[PDB]
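**Student:** Got a structure for you, written out below as structure tokens; questions coming shortly.
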2 protein chains.
Amino acid sequence: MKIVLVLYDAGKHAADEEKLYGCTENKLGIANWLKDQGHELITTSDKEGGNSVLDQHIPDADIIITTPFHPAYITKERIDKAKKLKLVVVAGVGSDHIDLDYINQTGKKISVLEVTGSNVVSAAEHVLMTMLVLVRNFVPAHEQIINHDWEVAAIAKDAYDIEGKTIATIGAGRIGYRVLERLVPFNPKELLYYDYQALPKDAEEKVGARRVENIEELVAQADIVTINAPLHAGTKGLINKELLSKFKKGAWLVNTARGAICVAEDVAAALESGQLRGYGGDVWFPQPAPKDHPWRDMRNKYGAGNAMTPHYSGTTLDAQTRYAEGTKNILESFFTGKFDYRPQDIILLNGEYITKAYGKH
Amino acid sequence: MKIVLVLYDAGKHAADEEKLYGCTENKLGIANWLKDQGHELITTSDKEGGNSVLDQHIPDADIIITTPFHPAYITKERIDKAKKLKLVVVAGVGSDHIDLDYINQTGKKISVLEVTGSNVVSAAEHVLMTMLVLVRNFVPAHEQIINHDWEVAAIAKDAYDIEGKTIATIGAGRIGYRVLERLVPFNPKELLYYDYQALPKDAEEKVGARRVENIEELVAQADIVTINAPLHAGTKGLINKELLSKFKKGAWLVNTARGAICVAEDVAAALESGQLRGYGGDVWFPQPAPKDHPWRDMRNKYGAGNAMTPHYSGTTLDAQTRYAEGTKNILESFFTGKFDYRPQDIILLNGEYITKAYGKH
Ligand SMILES: NC(=O)c1ccc[n+]([C@@H]2O[C@H](COP(=O)([O-])OP(=O)(O)OC[C@H]3O[C@@H](n4cnc5c(N)ncnc54)[C@H](O)[C@@H]3O)[C@@H](O)[C@H]2O)c1
Ligand SMILES: NC(=O)c1ccc[n+]([C@@H]2O[C@H](COP(=O)([O-])OP(=O)(O)OC[C@H]3O[C@@H](n4cnc5c(N)ncnc54)[C@H](O)[C@@H]3O)[C@@H](O)[C@H]2O)c1
Ligand SMILES: [Cl-]
Ligand SMILES: [Cl-]
């Protein structure tokens with residue numbers, strides 16, 4: 001089989017860390033196995049533009065392996081040229097960089113598999129971290145130190161404890177629930193969730209969560225909102241000017257899910273106006289994020305409220321070994337012709353939606 | 001009575017935030033209350049140098065109110081000139097900026113009171129935040145974004161999950177235990193503590209903590225060490241070159257307790273050499289931290305591993321009102337002649353140690 005593998009380049013950083021499997025230099029650590037299995041592997045980070053290495057090899061690729069942190073956008077146009085494509089794998093979690101609805105609506109026999117659960121803890125930790133960083137005003141505090149300054153009041157004037165705050169998640173799946181679990185001992189005033197899929201009642205009671213039926217009522221009462229749903233037609237552009245106007249004034253918003261769930265300029269405008277006190281996360285649309293993407297320079301009125309990072313929470317070294325192993329397992333399920341995929345890894349099976357988490361079908 | 005109140009100045013920031021009780025402008029909310037009682041209140045941030053406002057008023061001050069974030073150093077030289085001093089109050093937690101041993105060992109009839117518990121949650125949150133920021137390599141990740149760069153591998157090469165790490169606290173009192181409670185749902189490999197005061201078995205079991213009686217055995221097995229003990233003769237310089245040499249190579253160290261529990265240059269050398277991967281916290285010796293303090297510029301080999309802030313974790317807006325009210329209550333106990341202090345607030349009672357947490361007596 002011909003396999004095209006699109007990952008980020010590590011460049012000079014590859015020499016620093018042998019456990020960085022998720023880059024083009026190291027090929028998920030599965031290259032020896034793929035070679036022994038008799039497959040052809042094209043590895044590249046070159047994923048944009050008509051004569052990219054990606055586009056050169058799409059026409060006869062049997063399998064494309066992608067990774068969300070450097071996502072090959074498998075558009076309708078690319079799908080139409082992909083005459084041999086049978087399987088797209090996501091080394092990570094989240095398959096929205098592939099035009100899933102086009103595959104599904106046309107009935108093309110392409111399966112889309114991701115390594116469910118591989119980095120959900122990693123993302124949940126990043127959520128907790130970003131909530132604390134924003135609420136406690138950490139970014140300007142650190143900036144003050146490295147700029148050789150000292151003025152406690154300049155930080156304290158917009159620093160709070162997370163204790164006593166009302167916290168809402170949009171999406172209460174693997175990440176959203178793990179976020180709620182980690183928040184319990186911080187003594188929030190209340191933990192809330194909005195999801196068309198209810199939590200199991202035992203899980204709900206374990207974290208003291210209350211389900212809120214509609215998203216406007218959810219955000220209106222939340223000091224802190226976190227986005228933990230996949231990107232699909234029902235969440236694309238969900239966080240927009242109108243919905244932001246219904247947030248509690250001065251709320252903190254965290255998004256480690258997908259950038260395009262938010263309207264980028266509407267989040268920036270809400271931060272600059274004080275509708276939000278802070279915004280942070282690791283995910284952007286598109287990725288790599290352009291140098292002038294508005295989320296880089298946006299700040300609140302105090303010059304703070306920005307806890308953005310590149311997309312890496314799901315590619316910590318601990319997560320990388322897990323999604324590398326899961327990618328191998330998915331590939332083996334395909335190669336053997338058993339197609340004995342783990343049920344939870346299946347986004348599309350030969351064009352059909354198996355997941356329930358990407359909207360109702 | 002004459003009361004000298006030493007707080008940080010908020011300056012222009014006072015106009016931004018009415019809840020900033022802990023600055024010289026707002027005087028803990030007690031200025032008019034003291035005035036209506038006939039007391040004279042001198043308020044200042046000028047606390048260094050022989051003709052500081054503090055030193056001008058020390059000779060006839062009946063009461064000195066301090067705060068850890070901008071600490072008046074009530075040294076033995078100042079005590080010797082403080083001929084009317086009867087009470088030192090700490091608007092906050094931690095009394096080490098007063099020479100407690102000098103008071104006790106030379107029979108000075110001075111009580112020292114602090115607002116125990118008023119910001120222990122705030123500090124515990126800051127510990128959790130700093131652990132996450134360091135382990136997950138957040139600081140350089142955010143720096144990359146605001147420098148208009150994008151390179152996932154430059155961050156991921158030294159990014160981990162906190163899950164699966166072994167975490168040790170030196171000091172398992174109000175903050176240390178609250179840190180352990182917050183870490184439980186993060187699924188650490190193990191939680192450990194070292195403290196001459198044992199936790200009750202039920203308290204140990206609640207957090208799955210294991211007591212280690214030897215400090216070298218404790219640090220040798222810890223991926224993450226957190227300092228949560230007061231500064232006293234038994235902890236001053238505890239974290240020195242020899243102990244750091246027994247830390248697990250590449251450990252992360254968090255200190256929201258007091259700067260001088262660490263030998264400053266020993267910490268910096270361990271970070272620059274890789275014995276530590278990261279250091280962070282909000283506390284310094286002395287405070288305000290000099291512009292040249294080595295904890296400002298120290299970095300690991302990758303230019304990161306520094307999560308320092310100014311001393312503010314215990315002066316969030318949620319904390320300030322708690323320790324302001326508690327300061328008023330301590331003052332009232334003194335003014336009425338009842339001396340009905342909360343027992344947990346008493347560090348020294350007319351020179352005698354009441355606390356057990358500042359070493360054995
Ligand atoms: N930043 C990272 O590195 C990283 C890592 C992993 C996952 N993610 C992203 O997070 C997303 C969630 O991951 P997960 O493991 O929790 O997935 P999951 O499938 O377990 O949970 C997703 C939840 O979102 C719910 N949902 C779908 N549409 C919704 C809507 N309109 N409103 C409210 N809830 C809705 C679903 O019903 C489900 O319960 C992924 O799809 C991925 O995009 C990012
Ligand atoms: N960064 C901040 O804003 C902030 C806020 C509050 C407190 N603090 C500092 O944290 C310290 C602890 O606060 P707390 O509320 O947990 O106090 P606490 O009295 O409840 O607990 C302190 C613990 O440290 C133990 N201890 C004393 N010496 C020790 C030693 N050599 N080795 C190990 N353990 C030792 C004590 O036995 C006790 O259990 C305060 O004294 C203060 O210096 C900082
Ligand atoms: Cl939906
Ligand atoms: Cl001791």
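Quick note on naming: the chains in the structure tokens go A, B, ... in the order shown, residues restart at 1 in each chain, and ligands are numbered from 1 in order of appearance.
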Could you pull out the residues sitting within 7 Å of ligand 4, using only C-alpha atoms and all ligand atoms, and write them as a ChimeraX atom specification?

**Tutor:** /B:234-235,359-360

**Student:** Would you give me, as a PDB file with N, CA, C and O atoms, in the first residue's frame, the residues of chain A that come within 7 Å of chain B, using only C-alpha atoms?

**Tutor:**
```pdb
ATOM      1  N   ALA A  10      10.210  18.685  13.047  1.00  0.00           N
ATOM      2  CA  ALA A  10      10.870  19.098  14.284  1.00  0.00           C
ATOM      3  C   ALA A  10      12.084  19.981  14.041  1.00  0.00           C
ATOM      4  O   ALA A  10      12.508  20.705  14.960  1.00  0.00           O
ATOM      5  N   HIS A  13      14.901  20.722  16.619  1.00  0.00           N
ATOM      6  CA  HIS A  13      14.460  20.166  17.890  1.00  0.00           C
ATOM      7  C   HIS A  13      14.529  18.652  17.915  1.00  0.00           C
ATOM      8  O   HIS A  13      14.529  18.065  18.999  1.00  0.00           O
ATOM      9  N   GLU A  17      15.434  15.578  21.521  1.00  0.00           N
ATOM     10  CA  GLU A  17      14.489  14.721  22.226  1.00  0.00           C
ATOM     11  C   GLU A  17      14.115  13.523  21.368  1.00  0.00           C
ATOM     12  O   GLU A  17      13.345  13.656  20.408  1.00  0.00           O
ATOM     13  N   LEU A  20      10.281  12.390  20.714  1.00  0.00           N
ATOM     14  CA  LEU A  20       9.418  13.196  19.853  1.00  0.00           C
ATOM     15  C   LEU A  20       9.032  12.401  18.601  1.00  0.00           C
ATOM     16  O   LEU A  20       9.483  12.663  17.482  1.00  0.00           O
ATOM     17  N   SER A 122      -4.380  14.767  28.436  1.00  0.00           N
ATOM     18  CA  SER A 122      -3.464  15.851  28.136  1.00  0.00           C
ATOM     19  C   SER A 122      -4.236  17.124  27.871  1.00  0.00           C
ATOM     20  O   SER A 122      -3.904  18.193  28.393  1.00  0.00           O
ATOM     21  N   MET A 129      -5.065  24.052  33.307  1.00  0.00           N
ATOM     22  CA  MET A 129      -3.951  24.977  33.363  1.00  0.00           C
ATOM     23  C   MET A 129      -4.368  26.337  32.832  1.00  0.00           C
ATOM     24  O   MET A 129      -4.055  27.377  33.430  1.00  0.00           O
ATOM     25  N   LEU A 132      -6.667  28.293  35.146  1.00  0.00           N
ATOM     26  CA  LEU A 132      -5.947  28.863  36.280  1.00  0.00           C
ATOM     27  C   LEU A 132      -5.104  30.046  35.831  1.00  0.00           C
ATOM     28  O   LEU A 132      -5.143  31.106  36.451  1.00  0.00           O
ATOM     29  N   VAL A 133      -4.387  29.886  34.720  1.00  0.00           N
ATOM     30  CA  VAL A 133      -3.586  30.973  34.164  1.00  0.00           C
ATOM     31  C   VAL A 133      -4.440  32.210  33.921  1.00  0.00           C
ATOM     32  O   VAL A 133      -4.016  33.339  34.205  1.00  0.00           O
ATOM     33  N   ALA A 141       1.833  38.495  35.038  1.00  0.00           N
ATOM     34  CA  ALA A 141       2.651  38.381  36.235  1.00  0.00           C
ATOM     35  C   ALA A 141       4.030  37.868  35.871  1.00  0.00           C
ATOM     36  O   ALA A 141       5.045  38.407  36.313  1.00  0.00           O
ATOM     37  N   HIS A 142       4.097  36.811  35.066  1.00  0.00           N
ATOM     38  CA  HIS A 142       5.396  36.328  34.629  1.00  0.00           C
ATOM     39  C   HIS A 142       6.118  37.357  33.775  1.00  0.00           C
ATOM     40  O   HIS A 142       7.335  37.543  33.924  1.00  0.00           O
ATOM     41  N   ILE A 145       8.070  39.861  35.766  1.00  0.00           N
ATOM     42  CA  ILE A 145       9.321  39.376  36.341  1.00  0.00           C
ATOM     43  C   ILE A 145      10.432  39.380  35.300  1.00  0.00           C
ATOM     44  O   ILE A 145      11.540  39.874  35.554  1.00  0.00           O
ATOM     45  N   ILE A 146      10.161  38.838  34.111  1.00  0.00           N
ATOM     46  CA  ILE A 146      11.220  38.730  33.115  1.00  0.00           C
ATOM     47  C   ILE A 146      11.544  40.086  32.505  1.00  0.00           C
ATOM     48  O   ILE A 146      12.626  40.254  31.932  1.00  0.00           O
ATOM     49  N   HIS A 148      11.963  42.599  34.487  1.00  0.00           N
ATOM     50  CA  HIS A 148      12.724  43.198  35.583  1.00  0.00           C
ATOM     51  C   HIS A 148      11.930  44.243  36.346  1.00  0.00           C
ATOM     52  O   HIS A 148      12.500  45.169  36.926  1.00  0.00           O
ATOM     53  N   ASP A 149      10.622  44.052  36.419  1.00  0.00           N
ATOM     54  CA  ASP A 149       9.727  44.941  37.133  1.00  0.00           C
ATOM     55  C   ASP A 149       9.183  44.251  38.382  1.00  0.00           C
ATOM     56  O   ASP A 149       9.450  43.077  38.640  1.00  0.00           O
ATOM     57  N   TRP A 150       8.455  45.022  39.185  1.00  0.00           N
ATOM     58  CA  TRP A 150       7.813  44.490  40.388  1.00  0.00           C
ATOM     59  C   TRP A 150       6.702  45.446  40.790  1.00  0.00           C
ATOM     60  O   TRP A 150       6.974  46.565  41.227  1.00  0.00           O
ATOM     61  N   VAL A 152       2.977  44.450  42.548  1.00  0.00           N
ATOM     62  CA  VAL A 152       1.981  43.437  42.883  1.00  0.00           C
ATOM     63  C   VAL A 152       0.587  43.872  42.447  1.00  0.00           C
ATOM     64  O   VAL A 152      -0.173  43.074  41.887  1.00  0.00           O
ATOM     65  N   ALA A 153       0.247  45.149  42.645  1.00  0.00           N
ATOM     66  CA  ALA A 153      -1.113  45.604  42.392  1.00  0.00           C
ATOM     67  C   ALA A 153      -1.465  45.532  40.915  1.00  0.00           C
ATOM     68  O   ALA A 153      -2.645  45.386  40.568  1.00  0.00           O
ATOM     69  N   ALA A 154      -0.470  45.649  40.028  1.00  0.00           N
ATOM     70  CA  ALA A 154      -0.748  45.611  38.596  1.00  0.00           C
ATOM     71  C   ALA A 154      -1.265  44.242  38.171  1.00  0.00           C
ATOM     72  O   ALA A 154      -1.950  44.134  37.145  1.00  0.00           O
ATOM     73  N   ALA A 156      -2.631  41.943  40.810  1.00  0.00           N
ATOM     74  CA  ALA A 156      -3.692  41.559  41.726  1.00  0.00           C
ATOM     75  C   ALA A 156      -5.017  42.193  41.336  1.00  0.00           C
ATOM     76  O   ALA A 156      -6.079  41.645  41.655  1.00  0.00           O
ATOM     77  N   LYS A 157      -4.975  43.353  40.676  1.00  0.00           N
ATOM     78  CA  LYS A 157      -6.199  44.064  40.337  1.00  0.00           C
ATOM     79  C   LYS A 157      -7.113  43.250  39.431  1.00  0.00           C
ATOM     80  O   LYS A 157      -8.302  43.575  39.326  1.00  0.00           O
ATOM     81  N   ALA A 159      -6.786  39.530  39.383  1.00  0.00           N
ATOM     82  CA  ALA A 159      -6.480  38.155  39.739  1.00  0.00           C
ATOM     83  C   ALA A 159      -7.519  37.653  40.729  1.00  0.00           C
ATOM     84  O   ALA A 159      -7.842  38.338  41.714  1.00  0.00           O
ATOM     85  N   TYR A 160      -8.068  36.473  40.433  1.00  0.00           N
ATOM     86  CA  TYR A 160      -9.080  35.815  41.245  1.00  0.00           C
ATOM     87  C   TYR A 160      -8.671  34.386  41.555  1.00  0.00           C
ATOM     88  O   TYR A 160      -7.707  33.855  41.019  1.00  0.00           O
ATOM     89  N   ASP A 161      -9.418  33.770  42.450  1.00  0.00           N
ATOM     90  CA  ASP A 161      -9.303  32.341  42.703  1.00  0.00           C
ATOM     91  C   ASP A 161     -10.364  31.637  41.871  1.00  0.00           C
ATOM     92  O   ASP A 161     -11.407  32.212  41.548  1.00  0.00           O
ATOM     93  N   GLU A 181     -14.008  16.444  36.373  1.00  0.00           N
ATOM     94  CA  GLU A 181     -13.419  15.649  37.452  1.00  0.00           C
ATOM     95  C   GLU A 181     -12.286  16.400  38.131  1.00  0.00           C
ATOM     96  O   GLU A 181     -12.184  16.409  39.368  1.00  0.00           O
ATOM     97  N   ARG A 182     -11.413  17.028  37.331  1.00  0.00           N
ATOM     98  CA  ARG A 182     -10.273  17.726  37.909  1.00  0.00           C
ATOM     99  C   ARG A 182     -10.696  19.002  38.630  1.00  0.00           C
ATOM    100  O   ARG A 182     -10.009  19.428  39.558  1.00  0.00           O
ATOM    101  N   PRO A 185     -12.131  19.229  43.267  1.00  0.00           N
ATOM    102  CA  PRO A 185     -11.483  19.637  44.518  1.00  0.00           C
ATOM    103  C   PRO A 185     -11.107  21.097  44.571  1.00  0.00           C
ATOM    104  O   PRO A 185     -10.587  21.530  45.608  1.00  0.00           O
ATOM    105  N   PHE A 186     -11.286  21.862  43.490  1.00  0.00           N
ATOM    106  CA  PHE A 186     -11.033  23.291  43.554  1.00  0.00           C
ATOM    107  C   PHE A 186     -12.207  24.057  44.153  1.00  0.00           C
ATOM    108  O   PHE A 186     -12.166  25.283  44.207  1.00  0.00           O
ATOM    109  N   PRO A 288      -0.939  25.597  10.346  1.00  0.00           N
ATOM    110  CA  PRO A 288      -0.391  26.619  11.245  1.00  0.00           C
ATOM    111  C   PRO A 288      -1.131  27.942  11.199  1.00  0.00           C
ATOM    112  O   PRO A 288      -1.626  28.339  10.146  1.00  0.00           O
ATOM    113  N   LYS A 291       0.759  34.558  10.732  1.00  0.00           N
ATOM    114  CA  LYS A 291       1.400  35.534  11.610  1.00  0.00           C
ATOM    115  C   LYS A 291       0.460  36.651  12.024  1.00  0.00           C
ATOM    116  O   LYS A 291       0.653  37.253  13.085  1.00  0.00           O
ATOM    117  N   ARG A 296      -3.272  36.194  18.130  1.00  0.00           N
ATOM    118  CA  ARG A 296      -1.919  36.411  18.615  1.00  0.00           C
ATOM    119  C   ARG A 296      -1.816  37.701  19.419  1.00  0.00           C
ATOM    120  O   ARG A 296      -1.255  37.717  20.527  1.00  0.00           O
ATOM    121  N   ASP A 297      -2.353  38.804  18.883  1.00  0.00           N
ATOM    122  CA  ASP A 297      -2.123  40.107  19.495  1.00  0.00           C
ATOM    123  C   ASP A 297      -3.280  40.609  20.348  1.00  0.00           C
ATOM    124  O   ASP A 297      -3.128  41.637  21.028  1.00  0.00           O
ATOM    125  N   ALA A 307      -4.010  33.723  26.817  1.00  0.00           N
ATOM    126  CA  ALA A 307      -3.246  32.535  27.187  1.00  0.00           C
ATOM    127  C   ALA A 307      -3.136  31.571  26.012  1.00  0.00           C
ATOM    128  O   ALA A 307      -3.173  30.348  26.171  1.00  0.00           O
ATOM    129  N   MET A 308      -2.925  32.110  24.826  1.00  0.00           N
ATOM    130  CA  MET A 308      -2.794  31.291  23.630  1.00  0.00           C
ATOM    131  C   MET A 308      -1.440  30.589  23.565  1.00  0.00           C
ATOM    132  O   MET A 308      -0.397  31.135  23.956  1.00  0.00           O
ATOM    133  N   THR A 309      -1.449  29.377  22.998  1.00  0.00           N
ATOM    134  CA  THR A 309      -0.228  28.631  22.682  1.00  0.00           C
ATOM    135  C   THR A 309      -0.409  28.055  21.284  1.00  0.00           C
ATOM    136  O   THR A 309      -1.546  28.005  20.803  1.00  0.00           O
ATOM    137  N   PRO A 310       0.642  27.586  20.616  1.00  0.00           N
ATOM    138  CA  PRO A 310       0.429  26.750  19.420  1.00  0.00           C
ATOM    139  C   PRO A 310      -0.293  25.477  19.830  1.00  0.00           C
ATOM    140  O   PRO A 310      -0.440  25.162  21.016  1.00  0.00           O
ATOM    141  N   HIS A 311      -0.707  24.705  18.823  1.00  0.00           N
ATOM    142  CA  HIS A 311      -1.483  23.488  19.065  1.00  0.00           C
ATOM    143  C   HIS A 311      -0.558  22.362  19.481  1.00  0.00           C
ATOM    144  O   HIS A 311       0.010  21.655  18.647  1.00  0.00           O
ATOM    145  N   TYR A 312      -0.464  22.153  20.788  1.00  0.00           N
ATOM    146  CA  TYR A 312       0.434  21.135  21.291  1.00  0.00           C
ATOM    147  C   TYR A 312      -0.092  20.366  22.493  1.00  0.00           C
ATOM    148  O   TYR A 312       0.575  19.411  22.913  1.00  0.00           O
ATOM    149  N   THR A 315      -0.070  16.757  22.089  1.00  0.00           N
ATOM    150  CA  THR A 315       1.157  16.167  21.576  1.00  0.00           C
ATOM    151  C   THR A 315       2.293  16.312  22.589  1.00  0.00           C
ATOM    152  O   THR A 315       3.456  16.412  22.236  1.00  0.00           O
ATOM    153  N   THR A 316       1.963  16.318  23.873  1.00  0.00           N
ATOM    154  CA  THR A 316       2.993  16.117  24.873  1.00  0.00           C
ATOM    155  C   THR A 316       3.685  14.781  24.614  1.00  0.00           C
ATOM    156  O   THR A 316       3.162  13.899  23.932  1.00  0.00           O
ATOM    157  N   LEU A 317       4.875  14.629  25.177  1.00  0.00           N
ATOM    158  CA  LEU A 317       5.619  13.393  24.953  1.00  0.00           C
ATOM    159  C   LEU A 317       4.857  12.183  25.480  1.00  0.00           C
ATOM    160  O   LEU A 317       4.925  11.098  24.883  1.00  0.00           O
ATOM    161  N   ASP A 318       4.108  12.348  26.572  1.00  0.00           N
ATOM    162  CA  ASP A 318       3.321  11.244  27.113  1.00  0.00           C
ATOM    163  C   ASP A 318       2.205  10.848  26.153  1.00  0.00           C
ATOM    164  O   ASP A 318       1.924   9.661  25.970  1.00  0.00           O
TER     165      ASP A 318
END
```

**Student:** Quick check for you: according to DSSP on this backbone, which residues of range 92-287 of chain A are classed as helix (DSSP H, G or I)? Reply as a VMD selection string.

**Tutor:** chain A and resid 100 to 106 120 to 135 138 to 146 152 to 156 174 to 186 201 to 207 215 to 220 241 to 244 259 to 261 264 to 273

**Student:** Which residues are near ligand 3 - at most 12 Å, using only C-alpha atoms and all ligand atoms? Format: as a PyMOL selection string.

**Tutor:** chain A and resi 170-171+194-197+214-215+229-238+261+356-361

**Student:** Mind writing the picked residues with N, CA and C atoms as a short mmCIF file (atom, residue, chain, number, x, y, z; two decimals), in the first residue's frame?

**Tutor:**
```
data_model
loop_
_atom_site.label_atom_id
_atom_site.label_comp_id
_atom_site.auth_asym_id
_atom_site.auth_seq_id
_atom_site.Cartn_x
_atom_site.Cartn_y
_atom_site.Cartn_z
N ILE A 170 -19.04 23.16 27.33
CA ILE A 170 -19.79 22.88 26.13
C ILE A 170 -19.19 21.61 25.56
N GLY A 171 -19.90 20.51 25.76
CA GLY A 171 -19.37 19.19 25.48
C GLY A 171 -18.90 18.55 26.77
N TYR A 194 -23.41 21.50 28.91
CA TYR A 194 -24.36 21.50 27.80
C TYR A 194 -23.85 20.47 26.80
N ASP A 195 -24.69 19.51 26.45
CA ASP A 195 -24.31 18.45 25.53
C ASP A 195 -25.61 17.77 25.13
N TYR A 196 -25.80 17.48 23.84
CA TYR A 196 -26.99 16.72 23.48
C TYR A 196 -26.94 15.30 24.02
N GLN A 197 -25.76 14.82 24.41
CA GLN A 197 -25.58 13.53 25.06
C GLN A 197 -25.49 13.76 26.55
N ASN A 214 -30.01 24.58 27.26
CA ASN A 214 -29.69 25.40 26.10
C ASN A 214 -28.46 26.25 26.38
N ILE A 215 -27.74 26.53 25.29
CA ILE A 215 -26.40 27.07 25.41
C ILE A 215 -26.44 28.52 25.87
N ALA A 229 -16.18 20.17 22.59
CA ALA A 229 -16.92 19.42 21.60
C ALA A 229 -16.12 19.35 20.31
N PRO A 230 -16.37 18.36 19.45
CA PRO A 230 -15.68 18.30 18.16
C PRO A 230 -16.18 19.41 17.27
N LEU A 231 -15.40 19.70 16.24
CA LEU A 231 -15.81 20.64 15.21
C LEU A 231 -16.59 19.88 14.15
N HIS A 232 -17.84 20.30 13.97
CA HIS A 232 -18.70 19.77 12.93
C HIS A 232 -19.69 20.88 12.58
N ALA A 233 -20.60 20.59 11.65
CA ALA A 233 -21.47 21.67 11.16
C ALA A 233 -22.27 22.34 12.28
N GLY A 234 -22.58 21.63 13.36
CA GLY A 234 -23.34 22.18 14.47
C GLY A 234 -22.53 23.00 15.45
N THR A 235 -21.21 22.90 15.40
CA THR A 235 -20.35 23.69 16.26
C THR A 235 -19.50 24.70 15.51
N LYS A 236 -19.45 24.65 14.18
CA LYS A 236 -18.65 25.60 13.43
C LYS A 236 -19.23 27.00 13.61
N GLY A 237 -18.40 27.94 14.07
CA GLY A 237 -18.87 29.30 14.29
C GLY A 237 -19.90 29.44 15.39
N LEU A 238 -19.96 28.47 16.30
CA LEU A 238 -20.92 28.49 17.39
C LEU A 238 -20.68 29.68 18.32
N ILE A 261 -14.63 26.51 16.04
CA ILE A 261 -15.86 26.57 16.82
C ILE A 261 -16.13 28.01 17.20
N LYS A 356 -21.35 9.22 17.10
CA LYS A 356 -22.49 10.05 17.46
C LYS A 356 -22.09 11.44 17.91
N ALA A 357 -20.79 11.71 18.06
CA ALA A 357 -20.31 12.96 18.64
C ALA A 357 -20.14 14.10 17.64
N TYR A 358 -20.36 13.84 16.35
CA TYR A 358 -20.20 14.85 15.31
C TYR A 358 -21.57 15.30 14.80
N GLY A 359 -22.50 15.49 15.71
CA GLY A 359 -23.86 15.84 15.37
C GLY A 359 -24.75 14.63 15.12
N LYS A 360 -26.05 14.90 15.04
CA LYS A 360 -27.02 13.84 14.82
C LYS A 360 -27.15 13.52 13.33
N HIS A 361 -27.26 12.23 13.02
CA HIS A 361 -27.38 11.77 11.64
C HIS A 361 -28.48 10.71 11.51
#
```

**Student:** Running DSSP on the backbone, which parts of range 18-257 of chain A land in strand (DSSP E or B), as a ChimeraX atom specification?

**Tutor:** /A:23,40-44,63-66,74,87-90,98,111-114,166-170,190-194,209-211,224-227,239,251-255

**Student:** Can those selected residues be exported to a file as an mmCIF file, in the first residue's frame so that it contains C-alpha atoms?

**Tutor:**
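Final output, selection30.cif:
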```
data_model
loop_
_atom_site.group_PDB
_atom_site.id
_atom_site.type_symbol
_atom_site.label_atom_id
_atom_site.label_comp_id
_atom_site.auth_asym_id
_atom_site.auth_seq_id
_atom_site.Cartn_x
_atom_site.Cartn_y
_atom_site.Cartn_z
ATOM 1 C CA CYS A 23 7.289 14.647 13.743
ATOM 2 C CA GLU A 40 5.591 2.564 0.746
ATOM 3 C CA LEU A 41 5.755 5.581 3.063
ATOM 4 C CA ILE A 42 5.823 9.196 1.892
ATOM 5 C CA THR A 43 6.403 11.502 4.870
ATOM 6 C CA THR A 44 6.033 15.256 4.590
ATOM 7 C CA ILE A 63 -3.943 5.647 3.101
ATOM 8 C CA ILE A 64 -3.286 9.142 4.418
ATOM 9 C CA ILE A 65 -2.134 9.526 8.028
ATOM 10 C CA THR A 66 -2.691 13.004 9.457
ATOM 11 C CA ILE A 74 -8.404 16.703 3.154
ATOM 12 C CA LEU A 87 -8.530 5.195 4.845
ATOM 13 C CA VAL A 88 -7.594 8.445 6.553
ATOM 14 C CA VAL A 89 -6.058 8.047 10.016
ATOM 15 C CA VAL A 90 -5.717 10.771 12.653
ATOM 16 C CA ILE A 98 -11.136 16.071 6.618
ATOM 17 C CA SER A 111 -12.988 5.211 6.418
ATOM 18 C CA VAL A 112 -11.793 7.833 8.899
ATOM 19 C CA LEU A 113 -10.219 6.569 12.160
ATOM 20 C CA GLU A 114 -8.695 8.498 15.053
ATOM 21 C CA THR A 166 -19.367 28.833 38.194
ATOM 22 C CA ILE A 167 -17.797 26.774 35.418
ATOM 23 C CA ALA A 168 -19.536 25.488 32.284
ATOM 24 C CA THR A 169 -18.408 23.016 29.645
ATOM 25 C CA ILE A 170 -19.793 22.884 26.126
ATOM 26 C CA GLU A 190 -21.107 24.877 40.502
ATOM 27 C CA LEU A 191 -20.134 22.739 37.513
ATOM 28 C CA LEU A 192 -22.435 22.909 34.503
ATOM 29 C CA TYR A 193 -22.569 21.219 31.135
ATOM 30 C CA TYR A 194 -24.362 21.497 27.801
ATOM 31 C CA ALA A 209 -22.617 18.525 37.480
ATOM 32 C CA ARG A 210 -25.902 20.123 36.471
ATOM 33 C CA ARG A 211 -27.034 19.810 32.867
ATOM 34 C CA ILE A 224 -15.679 30.306 33.095
ATOM 35 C CA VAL A 225 -16.695 28.570 29.861
ATOM 36 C CA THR A 226 -14.679 25.766 28.268
ATOM 37 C CA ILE A 227 -15.287 24.284 24.810
ATOM 38 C CA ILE A 239 -19.084 31.065 19.541
ATOM 39 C CA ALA A 251 -16.112 35.781 31.633
ATOM 40 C CA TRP A 252 -13.043 33.697 30.915
ATOM 41 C CA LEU A 253 -13.243 31.438 27.844
ATOM 42 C CA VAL A 254 -11.011 28.394 27.284
ATOM 43 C CA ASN A 255 -10.913 26.466 24.001
#
```

**Student:** May I ask for the distance between CA of residue 104 in chain B and atom 28 (N, counted along the ligand's line) of ligand 2, given in Å to one decimal place?

**Tutor:** 17.6 Å
